[PDB]
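To start, the structure itself, in structure tokens.
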Amino acid sequence: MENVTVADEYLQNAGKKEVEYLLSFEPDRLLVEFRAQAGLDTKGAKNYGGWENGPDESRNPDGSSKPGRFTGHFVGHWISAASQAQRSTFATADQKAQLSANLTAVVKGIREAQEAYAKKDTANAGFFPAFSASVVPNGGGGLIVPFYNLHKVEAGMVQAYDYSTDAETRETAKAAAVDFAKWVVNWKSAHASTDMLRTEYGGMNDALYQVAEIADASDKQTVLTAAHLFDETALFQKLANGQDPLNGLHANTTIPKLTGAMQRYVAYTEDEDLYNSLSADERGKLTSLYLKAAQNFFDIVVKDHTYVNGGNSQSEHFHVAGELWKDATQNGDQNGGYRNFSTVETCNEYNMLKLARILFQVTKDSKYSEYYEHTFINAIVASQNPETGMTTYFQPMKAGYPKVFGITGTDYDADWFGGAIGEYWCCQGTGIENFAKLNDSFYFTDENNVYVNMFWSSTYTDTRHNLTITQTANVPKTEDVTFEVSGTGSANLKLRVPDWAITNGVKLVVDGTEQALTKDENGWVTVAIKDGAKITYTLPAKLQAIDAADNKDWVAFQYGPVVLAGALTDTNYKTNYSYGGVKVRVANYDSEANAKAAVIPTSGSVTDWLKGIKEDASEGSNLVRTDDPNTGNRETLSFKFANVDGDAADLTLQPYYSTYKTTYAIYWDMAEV
Ligand SMILES: [Mg+2]
Ligand code: NA
Ligand code: NA
Ligand SMILES: [Zn+2]
């Protein structure tokens, strides 16, 4: 098991805020709806409200009756995140003791509700009673996407089994998760003619495959059957056959299904007894249907459906391949609803990162690491307000919007949000996981190989070996990454040659001698390491312009792995949003800010102006790096346009990921005088 301490100050703050937020939740309030539906004493507690409202006005903080709600979804994410925080290195010993006690109380409380519910309703024994079993699988009575909500609890239980230090808690989580899988099988055999894939079910196949790994031998086949009930093979077949069926599909609905296809692959290939239990046909389909569907999905998404920050979707859906400008700009800027601002739901990138991660673990292809790094910085890290810890729903791509974050719904950050009842969007629930597990994908151990997935100052150890690796990195503020190795034994360090680096300037020095950048068949350079190894890896950052396939005149700028944004106008977090959907905050457009994002070359064409951008961002470039590399931290990166007219001439471009106090431009409108 990896242990990774994080020395990067921006990521330390991000992770510490999340631990504080997780600690602000009370177990009895998380447990209210489970208890109520199971007939157990609720101790007069209220649920946390918003998407965690239930049907009953006396238990809902806002007093509403049968509101649109997603009961259990955020409780499930909280179990995941509080578990992840036990494994991660942001929480102190004392924070971990308290959060672990809280996790144990929630896991035991849900198990108790499950068991009490099973006696009230034997036919549905094993159901997690977050809401009425009568609305499975399509919802009803204001309860939306039941299987999606249950998926979070089931996924949560696996994380608690994996990461709780409390033996009873692990055993309780396993019993709960296996009993829920048995429920899925019993429910579906009783409702054999009911389609349970038409309504969003989250990553239920994924979670159940993960349950099969933890189940007792005599339960595995039952859990595998449950998992496979949630494999949408008709979708997978289309994808495997090289179709792009995505136009009109809900994006966050779809992505986790393919992570579940990959979990099937992993579950069967990593347990020889399971692998051997398949037919020859089934065995071949692991590769020809499941892996192939996921590989092809990932590729079509990144090539044809992805914005410069690694994100996808508009109004929560995929649209026409390549029509990114159209989706981001031709859907209105009026306040409220889901319009231009509704690009790049943040859940989608949490899911894309998990898909890239399991594709990496199976294939070792460096392209998945390049994507991971890019999207982790420019969509996930970018999603957080560094003062509050809260996270985004949408990420607008058209210029002139602010970033809008959620609220706590707890006494955390009361100086910002006062006594307001929380909302607990999906994006806030994936959000808490993003920051609880923030250090889980820096390095991957595989036999005596150690893959460097991202470049961050950190220290890596693993209980399976006796080497310690300390990385110091600041890219792209400074260009040298160093590694220092201590301990005993040997290993093979695997390094990516980033596409974002100026290729001819990349240099690898190992123990004071330059090494060639020879790649293995998966794209990795390999360095033998042992005690006292010292590596300097020079990665000069490339400045580049990235347009949309459907509009050469809508252009974002990126320096090394950091997408830049222009700071346009001041924003006020108290008034800069409206509502859309179910209690979702959506950004309000600033048309004066948008007007500043016109990039008008003083002389010549837009094409010639773009050609005059230099990769090294030096004097003479049409976009010039202005910060001193040797002063300030990474977020002090700063750029200015040159040879342009109007307001853009005076703007600062800085990292998108750290921009939150102003409206911003990621994509600029290139225009002739
Ligand atoms: Mg796992
Ligand atoms: Na083009
Ligand atoms: Na001001
Ligand atoms: Zn979401």
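Here's how to read the names in the structure tokens: chain A, B, ... by the order shown, residue numbers from 1 in each chain, ligand numbers from 1 in the order shown.
Proximal residues of ligand 4 are residues 252, 345, 346, 347, 348, 393, 425, 426, 427, 428, 429 and 430 of chain A, by a cut-off of 8 Å on only C-alpha atoms and all ligand atoms.
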Those residues you just picked out, can you put them in a file as a short mmCIF file (atom, residue, chain, number, x, y, z; two decimals), in the first residue's frame with N, CA and C atoms?
data_model
loop_
_atom_site.label_atom_id
_atom_site.label_comp_id
_atom_site.auth_asym_id
_atom_site.auth_seq_id
_atom_site.Cartn_x
_atom_site.Cartn_y
_atom_site.Cartn_z
N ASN A 252 -22.70 12.35 -17.32
CA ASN A 252 -22.34 11.74 -16.05
C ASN A 252 -23.09 10.42 -15.78
N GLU A 345 -20.12 19.94 -16.16
CA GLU A 345 -20.48 19.43 -14.86
C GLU A 345 -19.21 18.80 -14.28
N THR A 346 -18.93 19.04 -12.98
CA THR A 346 -17.68 18.59 -12.37
C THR A 346 -17.67 17.09 -12.04
N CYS A 347 -18.80 16.48 -11.65
CA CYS A 347 -18.88 15.02 -11.47
C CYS A 347 -18.22 14.29 -12.64
N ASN A 348 -18.44 14.80 -13.84
CA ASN A 348 -18.02 14.12 -15.06
C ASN A 348 -16.52 13.90 -15.05
N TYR A 393 -20.32 23.14 -9.48
CA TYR A 393 -21.20 22.31 -10.28
C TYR A 393 -20.71 22.41 -11.73
N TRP A 425 -25.42 18.99 -3.81
CA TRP A 425 -25.39 18.51 -5.20
C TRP A 425 -24.54 17.26 -5.34
N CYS A 426 -24.84 16.47 -6.41
CA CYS A 426 -23.95 15.43 -6.86
C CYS A 426 -22.51 15.94 -6.91
N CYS A 427 -22.30 17.14 -7.49
CA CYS A 427 -20.98 17.68 -7.69
C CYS A 427 -20.29 17.97 -6.35
N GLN A 428 -21.05 18.26 -5.29
CA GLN A 428 -20.47 18.44 -3.98
C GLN A 428 -20.06 17.11 -3.39
N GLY A 429 -20.80 16.05 -3.69
CA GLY A 429 -20.51 14.70 -3.19
C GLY A 429 -19.28 14.07 -3.88
N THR A 430 -19.22 14.14 -5.22
CA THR A 430 -17.96 13.80 -5.87
C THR A 430 -16.84 14.73 -5.41
#
message: With DSSP run on the backbone, what are the helix (DSSP H, G or I) residues within segment 167-314 of chain A? I'd like them as number ranges by chain.
response: A: 167-190, 204-214, 217-229, 233-240, 251-270, 272-277, 280-304
- request: Please provide as a list in words all residues within 8 Å of segment 440-444 of chain A, with the sequence filter that same-chain residues fewer than 2 positions apart are discarded (counting only C-alpha atoms).
  value: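 So the residues in contact are residues 2, 4, 88, 357, 437, 438, 446, 450, 451, 452, 453, 454, 455, 456 and 460 of chain A.
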- prompt: In Å, with one decimal, what is the gap from atom CA of residue 611 of chain A to atom CA of residue 546 of chain A?
  reply: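 Separating atom CA of residue 611 of chain A from atom CA of residue 546 of chain A is a distance of 12.1 Å.
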- request: Taking only C-alpha atoms and all ligand atoms into account, report as an MDAnalysis selection string which residues have an atom no farther than 8 Å from an atom of ligand 1.
  value: chainID A and resid 158:159 162 210
Could you save those same residues with C-alpha atoms as an mmCIF file, in the first residue's frame?
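Contents of again.cif, freshly written:
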data_model
loop_
_atom_site.group_PDB
_atom_site.id
_atom_site.type_symbol
_atom_site.label_atom_id
_atom_site.label_comp_id
_atom_site.auth_asym_id
_atom_site.auth_seq_id
_atom_site.Cartn_x
_atom_site.Cartn_y
_atom_site.Cartn_z
ATOM 1 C CA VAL A 158 -16.441 -0.762 -0.028
ATOM 2 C CA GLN A 159 -14.268 2.246 0.816
ATOM 3 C CA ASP A 162 -10.832 -0.969 2.492
ATOM 4 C CA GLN A 210 -15.736 -4.114 -6.212
#
Would you mind listing, for every residue of segment 503-553 of chain A within 10 Å of segment 288-311 of chain A, the two atoms forming the shortest contact and the distance between them in Å to one decimal, using only C-alpha atoms, sorted by chain and ascending residue number, as CSV?
residue,atom,partner,partner_atom,distance
A:545,CA,A:308,CA,9.9
A:546,CA,A:308,CA,7.0
A:547,CA,A:308,CA,8.1
A:548,CA,A:307,CA,7.8
A:549,CA,A:304,CA,8.2
- request: Please provide the set of residues having any atom within 7 Å of residue 109 of chain A, restricted to only C-alpha atoms, with same-chain residues fewer than 4 positions apart removed, written as a list in words.
  value: residues 31, 105 and 113 of chain A
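Closest to residue 251 of chain A among A:631, A:193, A:205, A:312 is A:312, based on only C-alpha atoms.
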task: May I have all residues of segment 278-488 of chain A that DSSP, computed from the backbone, assigns to strand (DSSP E or B), given as a PyMOL selection string?
output: chain A and resi 306+312+314+317+343+384+391-392+401+405+443-446+449-452+458-462+467-472+480-487
field: Selection as a ChimeraX atom specification: residues within 12 Å of ligand 3 by only C-alpha atoms and all ligand atoms
entry: /A:567-572,661-663
field: Counting only C-alpha atoms, the option among A:469, A:555, A:648, A:38 closest to residue 597 of chain A
entry: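 Using only C-alpha atoms, the shortest distance to residue 597 of chain A belongs to A:648.
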- prompt: Pick from A:221, A:652, A:329, A:607: nearest to residue 594 of chain A, with only C-alpha atoms counted?
  reply: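 The closest residue to residue 594 of chain A is A:329.
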Shell of 9 Å around segment 385-387 of chain A, only C-alpha atoms, local chain residues under 5 positions omitted, as a tab-separated table (two decimals) with N, CA and C atoms, in the first residue's frame:
chain	number	residue	atom	x	y	z
A	10	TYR	N	-0.39	24.43	-2.15
A	10	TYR	CA	-1.75	24.61	-2.66
A	10	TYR	C	-2.59	23.35	-2.42
A	13	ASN	N	-3.48	22.84	1.38
A	13	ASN	CA	-4.60	23.66	1.82
A	13	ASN	C	-5.90	23.02	1.36
A	14	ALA	N	-5.90	22.57	0.10
A	14	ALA	CA	-7.12	22.00	-0.47
A	14	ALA	C	-7.57	20.78	0.34
A	17	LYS	N	-8.73	21.65	4.06
A	17	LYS	CA	-10.05	22.20	4.13
A	17	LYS	C	-11.08	21.07	4.07
A	392	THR	N	-17.37	23.42	-7.32
A	392	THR	CA	-18.23	23.81	-8.43
A	392	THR	C	-19.21	22.71	-8.86
A	403	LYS	N	-16.73	31.68	-11.38
A	403	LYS	CA	-16.90	30.37	-10.79
A	403	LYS	C	-17.85	30.49	-9.63
A	404	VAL	N	-18.77	29.54	-9.52
A	404	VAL	CA	-19.74	29.49	-8.45
A	404	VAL	C	-19.53	28.18	-7.70
A	405	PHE	N	-19.47	28.27	-6.36
A	405	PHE	CA	-19.25	27.12	-5.51
A	405	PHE	C	-20.49	26.85	-4.67
A	658	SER	N	-6.56	28.36	-10.10
A	658	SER	CA	-6.52	29.20	-8.91
A	658	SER	C	-7.36	30.47	-9.00
A	659	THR	N	-8.04	30.66	-10.13
A	659	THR	CA	-8.87	31.83	-10.41
A	659	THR	C	-10.25	31.60	-9.80
A	660	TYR	N	-10.68	32.53	-8.95
A	660	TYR	CA	-11.99	32.46	-8.34
A	660	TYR	C	-12.57	33.80	-7.88
query: Counting only C-alpha atoms, what is within 10 Å of residue 233 of chain A, bar same-chain residues fewer than 4 positions away, as an MDAnalysis selection string?
result: chainID A and resid 228:229 237:240 257 261 289:290 293
Please, could you write that set of residues out with N, CA and C atoms as a compact mmCIF listing (two decimals), in the first residue's frame?
# COMPACT_ATOMS: atom_id res chain seq x y z
N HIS A 228 -23.45 -7.85 -12.98
CA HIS A 228 -23.68 -8.04 -14.40
C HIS A 228 -25.11 -7.66 -14.78
N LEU A 229 -26.06 -7.62 -13.80
CA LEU A 229 -27.38 -7.09 -14.09
C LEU A 229 -27.30 -5.60 -14.48
N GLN A 237 -21.65 -2.67 -26.69
CA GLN A 237 -21.46 -3.23 -28.01
C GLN A 237 -21.27 -2.12 -29.05
N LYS A 238 -22.12 -1.09 -28.99
CA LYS A 238 -21.97 0.04 -29.90
C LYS A 238 -20.58 0.66 -29.82
N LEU A 239 -20.13 0.89 -28.59
CA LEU A 239 -18.84 1.51 -28.39
C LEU A 239 -17.71 0.62 -28.89
N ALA A 240 -17.77 -0.67 -28.55
CA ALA A 240 -16.77 -1.63 -28.99
C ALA A 240 -16.74 -1.72 -30.52
N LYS A 257 -20.59 3.93 -16.25
CA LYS A 257 -20.90 2.61 -16.77
C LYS A 257 -19.65 1.96 -17.36
N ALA A 261 -17.49 -1.43 -16.74
CA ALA A 261 -16.99 -2.40 -17.70
C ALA A 261 -15.52 -2.74 -17.41
N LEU A 289 -15.32 -6.79 -25.77
CA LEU A 289 -16.51 -6.03 -25.48
C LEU A 289 -16.23 -5.02 -24.37
N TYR A 290 -15.83 -5.49 -23.18
CA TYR A 290 -15.74 -4.61 -22.02
C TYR A 290 -14.54 -3.67 -22.12
N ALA A 293 -14.92 -1.42 -25.29
CA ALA A 293 -15.91 -0.38 -25.11
C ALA A 293 -15.34 0.77 -24.31
